[PDB]
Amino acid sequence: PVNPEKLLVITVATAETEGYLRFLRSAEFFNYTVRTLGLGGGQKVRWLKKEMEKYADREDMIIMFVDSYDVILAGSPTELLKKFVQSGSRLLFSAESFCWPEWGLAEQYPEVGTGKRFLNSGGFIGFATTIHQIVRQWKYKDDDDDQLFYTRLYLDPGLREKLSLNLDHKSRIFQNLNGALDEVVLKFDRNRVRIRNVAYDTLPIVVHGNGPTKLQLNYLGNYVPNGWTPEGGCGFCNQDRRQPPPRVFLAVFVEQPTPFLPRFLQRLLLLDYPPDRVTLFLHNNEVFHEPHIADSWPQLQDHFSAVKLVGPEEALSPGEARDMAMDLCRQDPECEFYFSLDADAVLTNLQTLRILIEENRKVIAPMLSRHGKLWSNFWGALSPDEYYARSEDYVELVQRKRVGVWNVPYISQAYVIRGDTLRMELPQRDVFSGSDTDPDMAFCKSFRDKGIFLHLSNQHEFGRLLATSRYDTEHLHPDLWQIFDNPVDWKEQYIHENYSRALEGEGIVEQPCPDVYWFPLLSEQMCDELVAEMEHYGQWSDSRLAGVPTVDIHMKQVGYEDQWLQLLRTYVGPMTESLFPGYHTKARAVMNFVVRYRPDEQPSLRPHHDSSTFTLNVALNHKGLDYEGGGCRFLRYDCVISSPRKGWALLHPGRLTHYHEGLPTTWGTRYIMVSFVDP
C-alpha cells in the first residue's frame, strides 16, 4: 500500500485562470499536494526537468504530471495510487485516440485491442526516478513540441522495456475527452460526482478536456467532483461569497420594438441598489420607443447618478452600441461592475444586481426564461457550427430541478461583468463587432477565447423574457394586443390589480342587485387605452329584445374580437363559474362592443333583454369626472346601480328576469364595454 504523502502532483500554469483554480479546488477536495510550476509546450518540460533534479533519487516518490487549465480531478490519491500499482508500470502515460503531431508514428505503436493506442503528454504518473530519467533528456527549446519528445522516447522499444513505460489504454486513471465524448458519462453519488467510461467500465481519476472538448469539460466541471451534488446542492455556489456597494454602469439596449417598454423603464427605478452608485446608459434603436423613453427620461435622470441616451439618430448597430456601452465602463476606472440588460428582460427579483455581484464571478447572468417554455437567455451546448444545441442537463436547469451557478457556453439579455476583467483581460473594443457573426455570439466567443467562464445562476428566481417576435406596432396602443404573446405581463398591466383576490374570495365581489354581481376586472390603463382605441377608430354606430340600438363600436370592426374573447375565456369565465355555482362556460360571445352615451347623441337605452345567458357590463370611465348621469336599472327589482366603478364589471342574467334600462347620461361622455355571453 503506497503512502499518499509520497505522491506529488506537478502542473504548469502561468496565470491563475478560472480553469486553473477549478483544477486546484478539485485537487484540494481530495487532499492532494499540488506543485505548480511557472506562476511567476516545450517550456513545460524545461520547468519539469529542472524541478525533477531535486527528486532524481527519490524512488520512494510517485509523481503525477497533468495540465491544469483543462483538467479536473475525479478520484482520491489512495484510489489513484492503487490503480497505478495495479498497472504494474513505472511511468504510465495517458492514452488517446489520435497520434499527434506525427501521424506516421502510428505504426511503431504496439497493437492495442479495444483500448486507446497513442500517447498523450497532458497526463502521466510514475516513480520520481523513472520520470527524472525521461525528462532529464530534454535539451530543446520552449516552442518545440513536448508531445513528440515524450512520444519519441516511448516508441524506443528498448527504453520502453528498460524503464517499464506504459499507456493507460482503457482510461483507468486518465480520461482524455477528445475522440471519446461518447464514452464518458457522469456517475452520481450523494455528495460527490465523478465520471464513468462506459466503453471500458472504469472510473478515471483525471479528466482532461484536451483538444476541442473544453466546453464538455466545463459541463463535467459543473458537477465533478463537488460541483453540484444531489444532496448538498452545488458546492461552489455557497463558498464564493454566495459599507457602500460597488459603482455600476447599467447599460440598457432597445434593439427591436419591445412590448411593455414603459413598464421596463419604470422598473429601472425600482431595482434594489443605491441609485447614486449606478450610471445609466440606454441605447434605443427604435423610433417607436422614442416617446416611451422621452416620457421616462426625467425620472431616470433624477434617479441615477448619471444618465446617457443614444438614440436612433446615431444609427448604431446593436454590436456597435454594445461595444460602446461596455467600453464606457472599461475606460472608467471607477466602473467596478458592468450590468447589461436588454429591453425584453423582465426582472421580477429587484435584488438581482446585488445577488449577481455577491456571487463574485468575472461574468455571470441570471437565468431568465420565456414564461412556461424552455427557451432561456443561455445555451447549455453548441453545435460544431456554433448553432444552438440542447445539452444533457439543459431542461433540468431551465426547470430548476438542479439549481446553482453553471459554467455555460452562451449567455444573453442580462449579465454582470467585472470591470477589471474588461480592462485587464478583454481590453479590445471589438467585443461584439468586427465580424459577420452575430453580436451576441461574438461576445460569448470573445470571453471563451480568453478562457473566461460565462456563469449562469438559477439559484434564485430572477425574472422572465418577453416575446418580441412578431410584435405588431400598427396600433394606437399595441400592448393591448399582447394578451396571447405575453399574458403574464398583459395581466399585470391590463387586468385589475384586485381581480385575483376577488376571484379567490375575500369579499371583494358585491351583489348590488339580486343576481347582479359586481367585481373588478380591468385596470384604469386598460379602460383608457380601450376607449382611446375606440375613438381613434371613430366610426360609431344589436341583439336586444324589447316588446333596440346603441351608438357603439364592435370589437370585430377594430380587430380586437379574438383578443377580447381571450380575456373572456381567461378571466370572466372563471369568475362566472365561481359566482353561479353549477354553471359552466366556454365564454362564447358574438356581441362584444363598446357603447358611448352622450346627451348630444344617444344618452339612454330603453328597457330590454339581452340576447345572452349572461351579460358582462364593464364601465370604462369615471362617473362625475367624465360623465354625469345614471347607470343601469333592473326594473323587476326596483334596483339601480347609480354609481358605477370605472374598472368594475356587472354580471347579470340576460333573459327572462333582468329587464334592464340604461339611465340617461346627462353630461360628458359615458363609455361601457358589454358582451352578450353564451347566446
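The term rigid core refers to the maximal set of C-alpha atoms that superpose within 1.5 Å between the two forms. Counting begins at 1, following the sequence as shown.
**Student:** Relative to the presented form, and with the rigid core used for superposition, do the C-alpha atoms of 385-393 or of 224-232 deviate more in 8 other deposited structures of this protein?
**Tutor:** Result of the core-fitted comparison in 8 other deposited structures of this protein: 385-393 deviates more.
**Student:** Taking the root mean square of C-alpha distances over all structures and residues in 8 other deposited structures of this protein, with a rigid core superposition, name the larger of 140-148 and 530-538.
**Tutor:** The more displaced stretch in 8 other deposited structures of this protein turns out to be 140-148.
**Student:** Does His455 have no coordinates in at least a third of the other PDB entries examined?
**Tutor:** No, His455 has coordinates in all the other entries compared.
**Student:** For at least a third of the other PDB entries compared, is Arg429 missing from the model even though its neighbours are present?
**Tutor:** Residue status for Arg429: no gap in any other entry.
**Student:** Counting only residues of the deposited sequence, how many between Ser164 and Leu165 have no atoms in the entry (none, 1 to 3, 4 to 9, 10 or more)?
**Tutor:** Unmodelled stretch: none, continuous chain.
**Student:** Could you check the entry and say whether 287-295 or 324-332 has the higher mean CA B-factor?
**Tutor:** On average, C-alpha B-factors are higher across 287-295.
**Student:** Please compare 593-601 with 135-143 and name the stretch with the higher mean C-alpha B-factor in the deposited structure.
**Tutor:** Higher mean C-alpha B-factor: 135-143.
**Student:** Looking at the C-alpha B-factor values in the deposited entry, which of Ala414, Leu530, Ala381, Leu545 comes out highest?
**Tutor:** Comparing C-alpha B-factors across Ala414, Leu530, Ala381, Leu545, the top value belongs to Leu545.
**Student:** Going by the entry, which of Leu215, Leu565, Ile195, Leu159 has the most elevated CA B factor?
**Tutor:** Highest CA B-factor of the listed options: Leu159.
**Student:** Lowest, middle or highest third: which one holds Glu661 when the chain's residues are ordered by CA B-factor from the entry?
**Tutor:** It falls in the top third of the chain.
**Student:** Should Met64 be placed in the lowest, middle or highest third of its chain by the C-alpha B factor in the entry?
**Tutor:** As the PDB entry reports it, the C-alpha B-factor of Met64 lands in the lowest third of its chain.
**Student:** Test of reading the entry: by CA B factor among the chain's modelled residues, which third contains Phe23?
**Tutor:** Lowest third - that is where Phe23 ends up once the chain's C-alpha B-factors are sorted.
**Student:** Rank-wise, by C-alpha B-factor, drop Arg588 into the lowest, middle or highest third of its chain.
**Tutor:** Within its chain, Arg588 is a highest-third residue by C-alpha B-factor, going by the deposited values.
**Student:** Comparing against every modelled residue in the chain, figure out the third that the C-alpha B-factor of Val2 lands in (lowest, middle or highest).
**Tutor:** CA B-factor rank for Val2: highest third.
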